[PDB]
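Asker:
Protein chains: 4
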Amino acid sequence: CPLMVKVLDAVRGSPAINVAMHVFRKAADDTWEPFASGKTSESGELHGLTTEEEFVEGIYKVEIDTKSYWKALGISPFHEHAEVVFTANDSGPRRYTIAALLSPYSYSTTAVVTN
Amino acid sequence: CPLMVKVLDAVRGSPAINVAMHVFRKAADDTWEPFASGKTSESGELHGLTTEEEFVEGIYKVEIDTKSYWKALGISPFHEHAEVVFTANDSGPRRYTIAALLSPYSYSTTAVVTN
Amino acid sequence: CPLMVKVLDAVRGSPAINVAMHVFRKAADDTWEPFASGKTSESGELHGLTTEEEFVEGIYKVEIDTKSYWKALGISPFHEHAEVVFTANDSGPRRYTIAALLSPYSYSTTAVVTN
Amino acid sequence: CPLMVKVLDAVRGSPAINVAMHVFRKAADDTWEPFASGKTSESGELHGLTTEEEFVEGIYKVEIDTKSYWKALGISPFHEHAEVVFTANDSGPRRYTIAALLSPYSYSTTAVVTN
Ligand SMILES: COc1cc(/C=C/c2ccc(O)cc2)cc(OC)c1
Ligand SMILES: COc1cc(/C=C/c2ccc(O)cc2)cc(OC)c1
Ligand SMILES: COc1cc(/C=C/c2ccc(O)cc2)cc(OC)c1
Ligand SMILES: COc1cc(/C=C/c2ccc(O)cc2)cc(OC)c1
Ligand code: NA
Ligand code: NA
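The following block contains the structure:
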């Protein structure tokens, strides 16, 4: 698993299930190229986004649709989405876990990077 | 003001107002002695807990009554309180700001220490 | 002051000083137009980005240059920047405070919205 | 796994390995009774703290020795320890995951509670 995203709900104390996200990779003209996509499972996790061979050096953006998640719970949130922008694989392959902890007016994100 | 506490509400996007907290200092017999207490203002801040003369070296604990805060909003939260335990003034007097960001199943705390 | 940003450093226990950030507003053609920019003060705060007249309804993005901040401290951080994307003034003028807490592999952001 | 604790390092982007913690349960005289103990594995996780039969209604405190963790990295941290105090099993058994994200001057904690 070169890239996995885990999403937690800080209000309900649960995984954040069915959270949609897209992953983009910055192109040479500084535009965002589509790269991967999916939605979180019942464990709050999204696996299988990419393969080691396809996941090369670049600047990547994970755009998580947190607004739709809160709206489904009848809560008006602050953010349009949560974005996580990072350089990956600049020293060769690594495995990346992106974790996001969600509240209506706040989010916290961290990365675990393993060789 | 050598010690100030600021509390924010991540559900409502507001200062956390009227939040009670108690400060303790570890005594020579290793018990927690009462040191100061108060409630946050309309800005989510609690000033005036102590003075430079009274705020000697020691181990201090701030216990923020997050449970009563959430219960008054009709929410059953996870934590009994949010606690911050730290050594203060080890190397001479410092000014401490403790900030806490609250959600029903999560809290995040940080300190700003200035000379 | 309808928009203020405060940045804290979780490694050093200090305001994050001299942190650059750029604010964008989504244009009618869905592109990000420059709106305002500045750097945090010695208190970690950036005031004066905009005015009530200029800060109309819209989707805004604050991009905080966390990478340059960590690199100047000799740290190679994970994120390219910390981003906050939000709809503002949907239901009339509001005052927004965005707070960001920074670590090399993590950031946490919250908003306080007042009428 | 009725009770699991997961600890992450926000500075290095890694699990926090070999982090010691003790779990206490509040007794009738309001003192803290020893309940469980251990240290995190190479994945940053501590499993096997208790069994369903032993883990009954009570107020529990997880005291995580974050200070020793930072000192091993030559970093002087703010907190003496990170504490997580919560009522558990008041509506019968649940499974609890306590997550803590550590920085030298900050920690963030959340709970995942599953029936
Ligand atoms: C403390 O647990 C909470 C659960 C919830 C659950 C809200 C919710 C809304 C719609 C649903 O379909 C399910 C849960 C909200 C809370 O603060 C707003 C706290
Ligand atoms: C809104 O003004 C403030 C925000 C904050 C935000 C603190 C904070 C704590 C934990 C987090 O995860 C994010 C922000 C701190 C302050 O100390 C003076 C003032
Ligand atoms: C960006 O990754 C970092 C790694 C580290 C690693 C520190 C360290 C110290 C002692 C050790 O034995 C291993 C790592 C520190 C950082 O900011 C202080 C950032
Ligand atoms: C419950 O299992 C996990 C919890 C967490 C908690 C992450 C987190 C992120 C931000 C915070 O402010 C607090 C915890 C992370 C994980 O990484 C795979 C797994
Ligand atoms: Na001393
Ligand atoms: Na409107």
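Protein chains in written order, with the entry's author numbering: chain B, 10 to 124; chain A, 10 to 124; chain A', 10 to 124; chain B', 10 to 124. A prime marks a further copy of an entry chain.
Every residue, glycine too, gets a C-beta built ideally from N, C-alpha and C.
Who pairs with residue 73(A) in a beta bridge, going by DSSP?
Answerer: Residue 73(A) pairs with 30(A), 91(A).
Asker: If you run the structure through DSSP and keep just helix, strand and coil, what is residue 114(A')?
Answerer: Coil.
Asker: What first and last residue would you give for the beta strand (DSSP E) that runs through residue 53(B')?
Answerer: Segment: none, residue 53(B') is in no beta strand (DSSP E) and carries neither H nor E.
Asker: Measure the C-alpha to C-alpha separation of residue 36(B') and residue 103(B') and round it to an integer number of angstroms.
Answerer: Each residue's alpha carbon lies about 20 Å from the other.
Asker: Ligand 4 and residue 58(B'): does any heavy atom of the ligand fall closer than 7 Å to the residue's C-beta?
Answerer: No, since every heavy atom of ligand 4 falls outside the 7 Å radius drawn around the Cβ of residue 58(B').
Asker: When the Cα of residue 45(B) is compared with those of 33(B), 52(B), 10(B), 61(B), which residue comes out closest?
Answerer: Checking every option, the nearest Cα to that of residue 45(B) belongs to 33(B).
Asker: Excluding sequence positions up to five away, which residues of its chain have a Cβ less than 6 Å from the Cβ of residue 61(B)?
Answerer: The residues are 11, 102.
Asker: For residue 122(A'), I'd like the list of residues in its chain whose CB is within less than 7 Å of its CB, leaving aside the five on either flank, ordered along the chain.
Answerer: Same-chain partners within the cutoff: 103, 105.
Asker: Determine the direct distance from the alpha carbon of residue 39(A) to that of residue 76(B), and round the result to whole angstroms.
Answerer: If I take the Cα positions, the gap works out to 48 Å.
Asker: For the pair the segment 76-96 of chain B' and the segment 77-84 of chain B, tell me if three or more CB-CB distances fall below 8 Å.
Answerer: These segments do not touch.
Asker: Residue 85(B): which of 95(A'), 82(A'), 83(A') sits nearest, CA to CA?
Answerer: Closest option to residue 85(B), Cα to Cα, is 95(A').
Asker: Along the segment 102-118 of chain A, where does the CB come closer than 7 Å to a CB of chain A'? Name the residues.
Answerer: So the list reads 110, 117, given in the order they occur along the chain.
Asker: How is the beta strand (DSSP E) around residue 18(B) delimited, first residue to last?
Answerer: Counting along the chain, the beta strand (DSSP E) containing residue 18(B) begins and ends at 12-18.
Asker: Is residue 100(A) near ligand 6, with its Cβ less than 7 Å from a heavy atom?
Answerer: For ligand 6, not one heavy atom lies less than 7 Å from the Cβ of residue 100(A).
Asker: For a test of your reading of the model: does the CB of residue 121(B) fall under 7 Å from any non-hydrogen atom of ligand 4? Yes or no.
Answerer: The answer is yes for residue 121(B).
Asker: According to the Cβ coordinates, are residue 24(A) and residue 16(A) closer than 8 Å?
Answerer: In contact: residue 24(A) and residue 16(A) (Cβ atoms closer than 8 Å).
Asker: Taking residue 87(A) as the reference, give the member of 73(B'), 67(B'), 83(B'), 90(B') with the closest Cα.
Answerer: Nearest option by C-alpha distance: 67(B').
Asker: Are residue 118(B) and residue 91(B) closer than 8 Å when you measure CB to CB?
Answerer: The answer is yes: Cβ separation under 8 Å.
Asker: Residues in its own chain within less than 8 Å of residue 42(B') by CB, not counting five upstream and five downstream?
Answerer: Here the set comprises 33, 34, 35, 36.
Asker: Out of 65(A'), 111(A'), 93(A'), state which residue places its alpha-carbon closest to the alpha-carbon of residue 53(A').
Answerer: Residue 111(A') is the option with its Cα nearest to residue 53(A').
Asker: According to the neighbour-count rule (16 or more other Cβ atoms, all chains shown, within 10 Å of its Cβ), is residue 57(B) buried or exposed?
Answerer: It counts as exposed.
Asker: Helix, strand or coil: how does DSSP classify residue 7(A') here?
Answerer: Here chain A' covers residues 10 to 124 and nothing more, so residue 7(A') does not appear.
Asker: Determine, using beta carbons only, whether residue 34(B) comes closer than 8 Å to chain A.
Answerer: Judged by the 8 Å Cβ criterion, residue 34(B) is not in contact with chain A.
Asker: Closest Cβ-Cβ distance between residue 24(B) and chain B': below 8 Å?
Answerer: Interface residue, yes.
Asker: Between 113(A'), 115(A'), 70(A'), 82(A'), which has its C-alpha nearest residue 107(A')'s C-alpha?
Answerer: The option with the nearest alpha carbon to residue 107(A') is 70(A').
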